Amino acid sequence: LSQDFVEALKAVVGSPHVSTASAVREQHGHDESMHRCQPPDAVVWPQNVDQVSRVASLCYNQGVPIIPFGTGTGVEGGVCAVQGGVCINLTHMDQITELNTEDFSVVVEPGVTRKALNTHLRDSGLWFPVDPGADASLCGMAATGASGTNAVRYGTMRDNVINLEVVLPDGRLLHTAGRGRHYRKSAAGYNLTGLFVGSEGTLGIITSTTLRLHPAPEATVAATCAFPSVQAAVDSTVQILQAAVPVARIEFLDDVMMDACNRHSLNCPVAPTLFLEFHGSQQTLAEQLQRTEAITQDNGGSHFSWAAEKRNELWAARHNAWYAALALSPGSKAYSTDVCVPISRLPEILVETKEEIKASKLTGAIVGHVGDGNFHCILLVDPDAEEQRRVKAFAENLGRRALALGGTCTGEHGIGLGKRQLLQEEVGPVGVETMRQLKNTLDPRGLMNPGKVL
Ligand SMILES: Cc1cc2nc3c(=O)[nH]c(=O)nc-3n(C[C@H](O)[C@H](O)[C@H](O)COP(=O)(O)OP(=O)(O)OC[C@H]3O[C@@H](n4cnc5c(N)ncnc54)[C@H](O)[C@@H]3O)c2cc1C
Ligand SMILES: CC(C)CC(=O)C(=O)O
Ligand SMILES: [Mn+2]
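Residue numbers (UniProt numbering): 27 to 291, 293 to 334, 337 to 412, 414 to 484.
This is how it looks when you write it as structure tokens:
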């Protein structure tokens with residue numbers, strides 16, 4: 027970056043909001059993944075959408091790559107500046123607006139996290155359910171297509187994003203469903219909102235998200251259930267889903283993960300475990316609990332260990350599983366897998382994954398959203415090239431096994447830098463070309479987060 031170009035950026039956002047300092051660039055050059063690249067050439071903090079547009083236009087027309095940056099909690103290298111350029115940190119736009127409690131909807135800017143929104147909504151009787159473990163930007167969650175523990179009942183970001191405000195790569199402003207619009211369903215034209223959910227910053231910059239809100243449950247019960255084997259826990263999960271029990275949360279931890287979480291938080296029996304949560308009235312809960320206990324008992328599950338204080342720490346421990354695993358070997362980093370398969374194939378692939386972790390000399394823990402047919406294998410790495419190549423090979427083989435079972439290589443984390451070859455295998459040549467044609471019409475010069483997804 028030329029001094030002329032830096033001065034032009036400063037003319038848009040203000041001198042304090044542009045930095046070319048190495049330490050600041052390095053802090054914005056990575057996420058929570060093990061990937062690393064040269065850092066961006068500058069970091070810029072726009073203060074409003076007009077500034078986002080003008081920064082994008084300046085970069086685009088000068089041939090400078092743009093890297094959108096929310097809270098930097100992604101795990102696939104989405105913010106890594108593989109071709110340099112300008113990192114646009116969006117978190118100074120942090121306002122909640124257009125709260126429509128009667129319509130179950132709200133508009134948030136990129137600096138708003140789920141915790142901030144739900145704190146704003148205290149006493150409204152409403153909440154936002156999609157819950158990554160990290161304190162992530164809600165617009166970043168829209169960009170990655172995030173889900174979480176509550177998605178089995180309340181949906182993913184794709185289910186709960188009603189509208190998006192997007193600055194396109196050349197600076198034009200798009201409201202994907204129309205400015206100010208919010209509604210339960212539409213057949214009007216092509217659905218542009220779904221195209222930008224899960225686009226990971228490669229099609230434009232999300233500067234606001236319109237979110238579906240949900241009623242707070244009448245009553246809540248959480249519990250844990252320990253099992254003799256991974257097979258028994260995952261068989262119970264599949265049978266709970268096939269019985270159509272509307273569980274609010276159903277999270278699997280293997281024995282390694284449960285021990286890690288105990289040590290980093293809980294004193295649950297070290298065994299493959301389900302964390303469960305149920306929502307309803309006193310009267311629906313009793314029914315759901317009886318039917319779910321009947322199924323878990325059939326598969327060797329323990330009596331439910333029941334859990337505001339204790340369920341809050343139960344789910345905080347789950348949400349920090351990433352850090353619990355890293356803490357097993359301080360100094361390590363980690364890669365996470367994220368496959369999602371048809372639920373009837375989930376027992377095969379989890380049990381196979383457990384066996385393969387046992388047979389390898391990698392250290393790995395298993396956790397995740399099995400109600401969705403989804404799970405994470407957390408593989409620790411010495412930041414040891416041969417161990418790194420074994421971890422990459424393990425993750426590729428697990429991805430390809432998921433694809434062989436009719437599934438997908440990522441249920442929620444995205445593609446970033448790590449899964450680009452798996453995506454090509456997953457959708458094939460016509461799928462790849464079609465995605466690339468979409469990328470090219472919105473980003474002709476290829477400057478919108480280059481090197482990611484495709
Ligand atoms: C402990 C922990 C637990 C997690 N649990 C989950 C989980 O349960 N489910 C899940 O889905 N993820 C989970 N994540 C991953 C991560 O939190 C999500 O992917 C989240 O959506 C990333 O948001 P972010 O703003 O931090 O992303 P960043 O890392 O800042 O960016 C991620 C990608 O999105 C792009 N991007 C970010 N903001 C925008 C924007 N406003 N407009 C356009 N593109 C943008 C970036 O360019 C990049 O490609 C977890 C992460 C951690 C560390
Ligand atoms: C921490 C992530 C790598 C795994 C995840 O998404 C989760 O904890 O559910
Ligand atoms: Mn997850």
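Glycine included, each C-beta is placed from N, C-alpha and C at the ideal position.
Asked: Go to residue 307, then tell me how far its beta strand (DSSP E) extends in each direction, as first and last residue.; Found: 300-307
Asked: Report whether the distance from the Cβ of residue 61 to the nearest heavy atom of ligand 2 is below 6 angstroms.; Found: no
Asked: Give the straight-line distance between the Cα atoms of residue 276 and residue 263, rounded to the nearest whole angstrom.; Found: 8 angstroms
Asked: Tell me which same chain residues have a C-beta within less than 6 angstroms of the C-beta of residue 91, skipping the five on either side of it?; Found: 109, 111, 477 and 480
Asked: If you measure from the CB of residue 101, is any heavy atom of ligand 2 nearer than 6 angstroms?; Found: yes
Asked: Say the cut is 6 angstroms; is the CB of residue 480 nearer than that to a heavy atom of ligand 1?; Found: no
Asked: Are at least three pairs of beta-carbons, each pair with one atom in the region 121-136 and one in the region 44-64, less than 8 angstroms apart?; Found: no
Asked: Just the C-alpha distance for residue 221 and residue 458, rounded to the nearest angstrom, thanks.; Found: 19 angstroms
Asked: Please list, in chain order, all residues with a C-beta atom less than 6 angstroms from at least one heavy atom of ligand 3.; Found: 397, 398, 405 and 442
Asked: Who pairs with residue 232 in a beta bridge, going by DSSP?; Found: 192
Asked: Rounding to the nearest angstrom, what Cα-Cα distance links residue 298 and residue 281 in this structure?; Found: 4 angstroms
Asked: Using CA atoms only, rank isn't needed, just tell me which of 151, 66, 104 and 80 is closest to residue 445.; Found: 104
Asked: Give the secondary structure of residue 68 by DSSP, where H, G and I count as helix, E and B as strand, and everything else as coil.; Found: strand
Asked: Please tell me whether residue 164 and residue 235 are closer than 7 angstroms, where the distance is taken between their beta carbons.; Found: yes
Asked: Exposed or buried, what is residue 335 when buried is set at 16 or more other beta-carbons lying within 10 Å of its beta-carbon?; Found: Because the chain is numbered 334 and then 337 with no intervening positions, residue 335 cannot be located in this model.
Asked: Do residue 192 and residue 383 have their C-beta atoms within less than 7 angstroms of each other?; Found: no
Asked: Does ligand 2 have even one heavy atom less than 6 angstroms from the beta-carbon of residue 68?; Found: no
Asked: Residue 328: which of 296, 307 and 194 sits nearest, CA to CA?; Found: 296
Asked: How is residue 122 classed by DSSP in three states: helix, strand or coil?; Found: strand
Asked: Roughly how many angstroms lie between the CA atoms of residue 208 and residue 430, to the nearest whole one?; Found: 39 angstroms
Asked: For the region 189-274, list the alpha helix (DSSP H) runs that are entirely contained and at least 4 residues long, ordered along the chain.; Found: 218-222 and 256-268
Asked: Kindly give me the distance between the Cβ atoms of residue 146 and residue 106, rounded to whole angstroms, as I take these residues to be in contact under 8 angstroms.; Found: That belief does not hold up - the Cβ atoms of residue 146 and residue 106 are roughly 32 angstroms apart, past 8 angstroms.
Asked: Measuring from the CB of residue 365, is there a heavy atom of ligand 2 at a distance below 6 angstroms?; Found: yes
Asked: Can you tell me whether residue 145 is helix, strand or coil according to DSSP?; Found: helix
Asked: For residue 241, count the other beta carbons within 10 Å of its own beta carbon; 16 or more makes it buried, fewer makes it exposed. Which is it?; Found: exposed
Asked: Please classify residue 469: does DSSP put it in a helix, a strand, or coil?; Found: helix
Asked: I'd like the list of long-range same chain contacts for residue 38, defined as Cβ closer than 6 angstroms, with 5 residues on each side in sequence excluded.; Found: 77, 80 and 81
Asked: Going by alpha carbons, who is nearest to residue 167 out of 74, 348 and 186?; Found: 186
Asked: If you reduce the DSSP assignment to three classes, tell me which class residue 422 lands in.; Found: helix
Asked: Within the continuous beta strand (DSSP E) that includes residue 56, where are the two ends?; Found: Per DSSP, residue 56 belongs to no beta strand (DSSP E) and is neither H nor E.
Asked: When every heavy atom of ligand 2 is checked, does at least one fall within less than 6 angstroms of the C-beta of residue 351?; Found: yes
Asked: Should residue 244 and residue 274 be called a contact, given that it needs their Cβ atoms to be closer than 7 angstroms?; Found: no
Asked: State the start and end residues of the unbroken alpha helix (DSSP H) segment that holds residue 177.; Found: 177-180
Asked: Return the residue from the list 381, 461, 396 and 359 that minimises the CA-CA distance to residue 411.; Found: 359
Asked: In three-state DSSP terms, what is residue 458?; Found: helix
Asked: Select from 450, 400 and 414 the residue whose C-alpha is nearest the C-alpha of residue 413.; Found: Within the gap of the chain, which runs from 412 to 414, lies residue 413, and it has no coordinates in the structure.
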